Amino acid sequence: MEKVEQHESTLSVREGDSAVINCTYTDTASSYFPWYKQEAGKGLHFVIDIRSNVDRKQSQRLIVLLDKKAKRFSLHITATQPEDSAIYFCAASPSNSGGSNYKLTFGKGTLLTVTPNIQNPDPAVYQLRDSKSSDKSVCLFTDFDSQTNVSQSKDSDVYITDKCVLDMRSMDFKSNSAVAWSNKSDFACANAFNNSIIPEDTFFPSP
């Protein structure tokens, strides 16, 4: 076989940091290394490749490189951008062994999440109400800097989603947001992000 193993199962870096993914492959005959990209349960997108003649390639922000001797190869995303955030797979194939010319062996994945730069954060925990039933209720924690990360419910009738970025686009402004909900009699709102560890300045309204 080829085992092609992606050292590194996750990366967080925020905008303009160089994200670097590292792989190794075993079989000395491999000579064609493509890299692929998967966002948010969609399909894989071919990104860049490189061959074993050359020791480095470079195109646009990306650059990939290869120490044949080492049997190590890396992809460098450069000047990162929220849109880059995906699971990146490296892969190999010996372009001149007839047993597998036609196939790719793939690394496990590396999840790259590239975080905004919010420099104008107005952290805040607003609350909201339903149409069909005016009494149903859900809380929203917006506008925090993207160093603040939400924390998982551990009560199993409270539901707290994960931090997720929203780009508008019309203006030039990206804002983070988790939501929390539950129905249970107490639940209520200035508490819902309580496991979760939040600014000091975090603004709270009077419902």
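Residues carry their position along the shown sequence, with the first being 1.
Chemist: Report the stretch with the higher mean CA temperature factor, choosing between 15-23 and 188-196 on the basis of the entry.
Modeler: Higher mean C-alpha B-factor in the PDB entry: 188-196.
Chemist: Report the stretch with the higher mean CA temperature factor, choosing between 125-133 and 106-114 on the basis of the entry.
Modeler: Here the higher of the two C-alpha B-factor means belongs to 125-133.
Chemist: Among the choices 146, 53, 161, 60, identify the one whose CA B-factor in the record is greatest.
Modeler: The C-alpha B-factor peaks, among 146, 53, 161, 60, at 146.
Chemist: Based on what the PDB entry reports, which of 30, 38, 156, 142 has the top C-alpha B-factor?
Modeler: It is 156.
Chemist: Comparing against every modelled residue in the chain, figure out the third that the C-alpha B-factor of residue 93 lands in (lowest, middle or highest).
Modeler: It falls in the bottom third of the chain.
Chemist: Compared with the other modelled residues in the chain, in which third is the CA B-factor of residue 67?
Modeler: It falls in the middle third of the chain.
Chemist: Could you tell me which third, lowest, middle or highest, the C-alpha B-factor of residue 100 occupies within its chain?
Modeler: Bottom third by C-alpha B-factor.
Chemist: Going by the recorded CA B-factors, say which third of the chain residue 182 sits in, lowest, middle or highest.
Modeler: Answer is highest: the recorded C-alpha B-factor places it there.
Chemist: Sorting the chain's modelled residues by C-alpha B-factor, tell me whether residue 85 ends up in the lowest, middle or highest third.
Modeler: It belongs to the middle third of the chain when residues are ordered by C-alpha B-factor.
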